[PDB]
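Colleague: I have a structure I would like to understand better, so I am pasting it below and will then ask my questions one at a time.
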Amino acid sequence: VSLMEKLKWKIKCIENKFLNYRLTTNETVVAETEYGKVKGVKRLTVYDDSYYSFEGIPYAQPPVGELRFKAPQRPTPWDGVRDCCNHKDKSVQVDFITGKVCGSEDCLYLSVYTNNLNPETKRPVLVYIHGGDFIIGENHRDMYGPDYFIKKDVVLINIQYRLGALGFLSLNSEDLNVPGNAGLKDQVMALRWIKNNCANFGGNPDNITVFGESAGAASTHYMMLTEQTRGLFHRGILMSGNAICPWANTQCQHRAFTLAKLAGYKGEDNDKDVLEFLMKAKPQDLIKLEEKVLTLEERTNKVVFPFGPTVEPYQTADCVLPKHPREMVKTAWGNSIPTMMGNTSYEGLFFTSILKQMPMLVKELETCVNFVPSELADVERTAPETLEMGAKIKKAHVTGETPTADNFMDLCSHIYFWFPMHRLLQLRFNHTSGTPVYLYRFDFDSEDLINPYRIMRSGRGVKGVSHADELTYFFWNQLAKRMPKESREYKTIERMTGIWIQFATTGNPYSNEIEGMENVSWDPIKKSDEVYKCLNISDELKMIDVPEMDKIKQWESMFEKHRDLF
């Protein structure tokens with residue numbers, strides 16, 4: 001991120017602070033929770049809608065001291081009224097713009113928003129789990145403002161969960177009670193809080209929808225797979241990701257020692273001594289060093305992040321992932337709830353600035369062997385069969401004589417998003433009883449309204465609908481502005497929030513009340529479908545054959561002689 005962009009961001013931060021003051025009213029309100037009373041405040045939006053805001057509701061004990069690296073524990077109840085009129089800190093992380101460590105270990109909070117605390121009818125509850133690769137993100141309204149959803153009669157809840165090594169350390173030794181996935185266990189505890197408390201805010205505990213984007217989509221999927229959450233919610237929406245994406249989990253049990261060593265540990269590699277050192281470390285030090293943890297071998301093998309969701313090495317009471325997610329799909333309770341899945345029309349445009357920093361990456365398209373699924377490839381990636389599989393990937397994405405950066409980004413859309421979605425759909429049809437799954441494709445391009453992710457990819461002036469570009473149409477953020485009612489952007493806000501709310505309400509995303517949806521016949525995907533249909537969201541709403549299907553089929557063809565692994 002350039003120094004000019006950093007200055008513009010700082011300016012936006014300050015301006016956003018004073019806008020948020022002007023949007024605060026003097027009306028506060030008290031609501032009940034199982035742990036004690038909370039005070040919220042009525043806020044305005046720039047469109048002059050209003051909503052009651054409760055931020056900083058604890059769903060777990062602060063995971064500090066001996067609770068670091070442990071599963072979340074239930075919070076301590078209080079007498080009196082807890083002030084929830086301001087946000088709490090985010091989980092310790094490297095700030096995506098400034099490059100500096102920020103946040104706090106005291107981060108296990110959720111925020112609840114509704115336009116009416118005493119409505120005449122119990123309301124759909126929508127629960128957003130943010131993305132950020134399990135290493136960044138927050139529920140702060142400078143990125144996740146509820147301003148668009150609260151136009152309608154729903155309850156919206158935005159959770160936090162532990163990130164990085166603090167959320168995802170895993171150790172093999174059963175005696176230490178650090179099996180992994182603390183951050184997913186935070187999500188479980190938040191979902192339990194929501195089921196038990198949403199009625200106090202006007203919500204319907206029999207009608208909860210969980211949704212998330214990127215790592216938040218993998219998280220939502222993990223919440224639909226684990227027995228820990230069986231029956232806690234009733235619809236799921238996976239936006240640009242799922243739990244069988246290659247980036248969504250890793251076996252990180254040996255990496256705690258490496259982190260400890262980077263942080264000054266002088267002892268031997270045994271879990272007990274490694275843990276005692278890590279329990280004494282400053283959390284900023286651990287998070288700052290995480291970028292150095294992956295070894296030369298792991299980088300060679302394209303491991304993306306050192307710490308993340310993992311298959312837990314032994315069983316505990318709070319265990320979230322007892323087997324690989326592909327195996328968990330086969331018995332998952334969430335296969336039996338209405339599900340919606342989708343991606344943007346140019347996911348891989350996310351990698352724009354990486355390709356600018358490392359132009360030589362395009363040389364990987366010469367043979368494409370490094371993109372062959374690891375379960376199909378020989379270790380050296382020199383076997384004739386592996387070369388043949390790489391050639392099939394190359395045919396799918398290299399459209400001209402010389403591979404280009406755009407070819408690379410198109411490949412990225414498939415390896416990270418479309419192909420795992422296809423593999424999940426096909427796996428799941430073998431373990432569900434007709435519960436519907438609906439596909440969307442977000443294909444609306446604008447630079448008149450943006451979100452901070454565009455700054456990350458150095459995406460100013462870049463055309464195309466990148467990963468995370470849809471979040472602009474769901475959440476207010478500090479870069480947003482009021483848009484005219486007749487503008488294409490305003491209409492897209494209404495359509496996206498409208499479709500999500502309609503799906504959350506009924507489990508069917510179609511409604512004749514959404515502008516431009518009147519002539520839409522949106523069927524879910526059937527086991528017998530050879531070509532997926534999706535609702536393509538552009539300036540118009542249209543059912544189409546998924547344009548990516550041909551390339552999806554070319555990826556699938558690598559498994560023709562290895563169908564047991566598909």
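Following the order of the structure tokens, chains are lettered A, B, ..., residues in each are numbered from 1, and ligands are numbered from 1.
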If we count only C-alpha atoms, what is near residue A:549 at a cut-off of 12 Å, once residues fewer than 5 positions away on the same chain are taken out, given as a list in words?

Modeller: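 Answer for this query is residues 396, 414, 418, 419, 421, 422, 529, 530, 531, 532, 533, 534, 544, 554, 555 and 556 of chain A.
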
Colleague: For C-alpha atoms, I'd like the residues from the last selection saved as a PDB file, in the first residue's frame.

Modeller:
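result.pdb, freshly written:
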ATOM      1  CA  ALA A 396      -8.311 -24.098 -19.726  1.00  0.00           C
ATOM      2  CA  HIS A 414     -10.853 -21.563 -10.326  1.00  0.00           C
ATOM      3  CA  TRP A 418     -14.992 -22.289  -8.480  1.00  0.00           C
ATOM      4  CA  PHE A 419     -13.358 -25.731  -8.431  1.00  0.00           C
ATOM      5  CA  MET A 421     -17.397 -25.122  -4.990  1.00  0.00           C
ATOM      6  CA  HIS A 422     -17.974 -27.740  -7.706  1.00  0.00           C
ATOM      7  CA  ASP A 529     -27.555 -31.175 -13.622  1.00  0.00           C
ATOM      8  CA  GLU A 530     -24.565 -31.218 -15.969  1.00  0.00           C
ATOM      9  CA  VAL A 531     -24.433 -27.410 -16.291  1.00  0.00           C
ATOM     10  CA  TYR A 532     -25.043 -25.259 -13.237  1.00  0.00           C
ATOM     11  CA  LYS A 533     -27.527 -22.387 -13.456  1.00  0.00           C
ATOM     12  CA  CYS A 534     -27.008 -19.293 -11.326  1.00  0.00           C
ATOM     13  CA  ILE A 544     -27.733 -17.993 -16.788  1.00  0.00           C
ATOM     14  CA  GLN A 554     -11.725 -29.166 -17.604  1.00  0.00           C
ATOM     15  CA  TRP A 555     -10.489 -29.136 -13.994  1.00  0.00           C
ATOM     16  CA  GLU A 556     -12.748 -32.095 -13.187  1.00  0.00           C
TER      17      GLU A 556
END

Colleague: Got a sec: who's within 10 Å of residue A:541, counting only C-alpha atoms, leaving out chain neighbours fewer than 3 positions off, as a PyMOL selection string?

Modeller: chain A and resi 442-443+492+495+514-520+535-538+544

Colleague: Residues of stretch 157-319 of chain A in strand (DSSP E or B) according to DSSP, as number ranges by chain?

Modeller: A: 157-159, 203-213, 235-239

Colleague: For the residues in that selection, give me N, CA, C and O atoms as a PDB file, in the first residue's frame.

Modeller:
ATOM      1  N   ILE A 157     -26.307  -9.560  13.286  1.00  0.00           N
ATOM      2  CA  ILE A 157     -25.308  -9.765  14.331  1.00  0.00           C
ATOM      3  C   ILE A 157     -23.964 -10.017  13.668  1.00  0.00           C
ATOM      4  O   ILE A 157     -23.865 -10.868  12.772  1.00  0.00           O
ATOM      5  N   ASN A 158     -22.931  -9.293  14.110  1.00  0.00           N
ATOM      6  CA  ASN A 158     -21.591  -9.401  13.538  1.00  0.00           C
ATOM      7  C   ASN A 158     -20.648  -9.858  14.645  1.00  0.00           C
ATOM      8  O   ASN A 158     -20.510  -9.171  15.664  1.00  0.00           O
ATOM      9  N   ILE A 159     -20.009 -11.011  14.459  1.00  0.00           N
ATOM     10  CA  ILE A 159     -19.180 -11.607  15.507  1.00  0.00           C
ATOM     11  C   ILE A 159     -17.697 -11.350  15.254  1.00  0.00           C
ATOM     12  O   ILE A 159     -17.250 -11.103  14.130  1.00  0.00           O
ATOM     13  N   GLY A 203     -35.431 -11.110  17.827  1.00  0.00           N
ATOM     14  CA  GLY A 203     -35.121 -12.152  16.873  1.00  0.00           C
ATOM     15  C   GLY A 203     -35.864 -13.453  17.112  1.00  0.00           C
ATOM     16  O   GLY A 203     -36.333 -13.753  18.213  1.00  0.00           O
ATOM     17  N   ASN A 204     -35.948 -14.238  16.036  1.00  0.00           N
ATOM     18  CA  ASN A 204     -36.579 -15.549  16.042  1.00  0.00           C
ATOM     19  C   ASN A 204     -35.495 -16.608  16.172  1.00  0.00           C
ATOM     20  O   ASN A 204     -34.788 -16.876  15.187  1.00  0.00           O
ATOM     21  N   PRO A 205     -35.341 -17.263  17.330  1.00  0.00           N
ATOM     22  CA  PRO A 205     -34.301 -18.297  17.449  1.00  0.00           C
ATOM     23  C   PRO A 205     -34.572 -19.533  16.614  1.00  0.00           C
ATOM     24  O   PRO A 205     -33.681 -20.386  16.508  1.00  0.00           O
ATOM     25  N   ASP A 206     -35.760 -19.659  16.014  1.00  0.00           N
ATOM     26  CA  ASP A 206     -36.035 -20.737  15.066  1.00  0.00           C
ATOM     27  C   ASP A 206     -35.740 -20.349  13.628  1.00  0.00           C
ATOM     28  O   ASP A 206     -36.067 -21.117  12.711  1.00  0.00           O
ATOM     29  N   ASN A 207     -35.126 -19.187  13.403  1.00  0.00           N
ATOM     30  CA  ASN A 207     -34.877 -18.738  12.037  1.00  0.00           C
ATOM     31  C   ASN A 207     -33.586 -17.918  11.996  1.00  0.00           C
ATOM     32  O   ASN A 207     -33.610 -16.699  11.786  1.00  0.00           O
ATOM     33  N   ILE A 208     -32.459 -18.612  12.166  1.00  0.00           N
ATOM     34  CA  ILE A 208     -31.133 -17.999  12.156  1.00  0.00           C
ATOM     35  C   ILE A 208     -30.426 -18.386  10.866  1.00  0.00           C
ATOM     36  O   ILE A 208     -30.414 -19.565  10.483  1.00  0.00           O
ATOM     37  N   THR A 209     -29.825 -17.398  10.209  1.00  0.00           N
ATOM     38  CA  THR A 209     -29.028 -17.610   9.005  1.00  0.00           C
ATOM     39  C   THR A 209     -27.601 -17.175   9.283  1.00  0.00           C
ATOM     40  O   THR A 209     -27.380 -16.077   9.802  1.00  0.00           O
ATOM     41  N   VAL A 210     -26.636 -18.025   8.955  1.00  0.00           N
ATOM     42  CA  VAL A 210     -25.227 -17.674   9.093  1.00  0.00           C
ATOM     43  C   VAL A 210     -24.668 -17.450   7.702  1.00  0.00           C
ATOM     44  O   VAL A 210     -24.937 -18.237   6.790  1.00  0.00           O
ATOM     45  N   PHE A 211     -23.916 -16.370   7.531  1.00  0.00           N
ATOM     46  CA  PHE A 211     -23.302 -16.061   6.252  1.00  0.00           C
ATOM     47  C   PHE A 211     -21.919 -15.471   6.469  1.00  0.00           C
ATOM     48  O   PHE A 211     -21.629 -14.886   7.516  1.00  0.00           O
ATOM     49  N   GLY A 212     -21.058 -15.635   5.473  1.00  0.00           N
ATOM     50  CA  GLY A 212     -19.727 -15.075   5.561  1.00  0.00           C
ATOM     51  C   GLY A 212     -19.073 -15.119   4.201  1.00  0.00           C
ATOM     52  O   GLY A 212     -19.474 -15.891   3.318  1.00  0.00           O
ATOM     53  N   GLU A 213     -18.035 -14.305   4.049  1.00  0.00           N
ATOM     54  CA  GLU A 213     -17.316 -14.176   2.790  1.00  0.00           C
ATOM     55  C   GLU A 213     -15.858 -14.567   3.001  1.00  0.00           C
ATOM     56  O   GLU A 213     -15.262 -14.264   4.044  1.00  0.00           O
ATOM     57  N   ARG A 235     -30.329 -21.601   7.921  1.00  0.00           N
ATOM     58  CA  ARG A 235     -29.872 -21.392   6.549  1.00  0.00           C
ATOM     59  C   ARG A 235     -28.397 -21.032   6.608  1.00  0.00           C
ATOM     60  O   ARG A 235     -27.922 -20.495   7.614  1.00  0.00           O
ATOM     61  N   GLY A 236     -27.680 -21.324   5.535  1.00  0.00           N
ATOM     62  CA  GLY A 236     -26.293 -20.895   5.409  1.00  0.00           C
ATOM     63  C   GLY A 236     -26.013 -20.326   4.035  1.00  0.00           C
ATOM     64  O   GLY A 236     -26.569 -20.789   3.040  1.00  0.00           O
ATOM     65  N   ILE A 237     -25.158 -19.300   3.987  1.00  0.00           N
ATOM     66  CA  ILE A 237     -24.749 -18.667   2.734  1.00  0.00           C
ATOM     67  C   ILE A 237     -23.227 -18.622   2.689  1.00  0.00           C
ATOM     68  O   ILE A 237     -22.597 -17.984   3.545  1.00  0.00           O
ATOM     69  N   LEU A 238     -22.645 -19.255   1.673  1.00  0.00           N
ATOM     70  CA  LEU A 238     -21.191 -19.356   1.511  1.00  0.00           C
ATOM     71  C   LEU A 238     -20.792 -18.425   0.370  1.00  0.00           C
ATOM     72  O   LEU A 238     -21.029 -18.731  -0.801  1.00  0.00           O
ATOM     73  N   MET A 239     -20.201 -17.288   0.715  1.00  0.00           N
ATOM     74  CA  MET A 239     -19.806 -16.275  -0.260  1.00  0.00           C
ATOM     75  C   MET A 239     -18.317 -16.378  -0.570  1.00  0.00           C
ATOM     76  O   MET A 239     -17.483 -15.997   0.251  1.00  0.00           O
TER      77      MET A 239
END

Colleague: Tell me, in Å to one decimal, how far atom CA of residue A:147 is from atom CA of residue A:457.

Modeller: 25.4 Å

Colleague: Go through A:505, A:197, A:253, A:335 one by one, measure the shortest atom-to-atom distance of each to residue A:170 using only C-alpha atoms, and give the residue with the smallest value.

Modeller: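 Of A:505, A:197, A:253, A:335, the one nearest residue A:170, counting only C-alpha atoms, is A:253.
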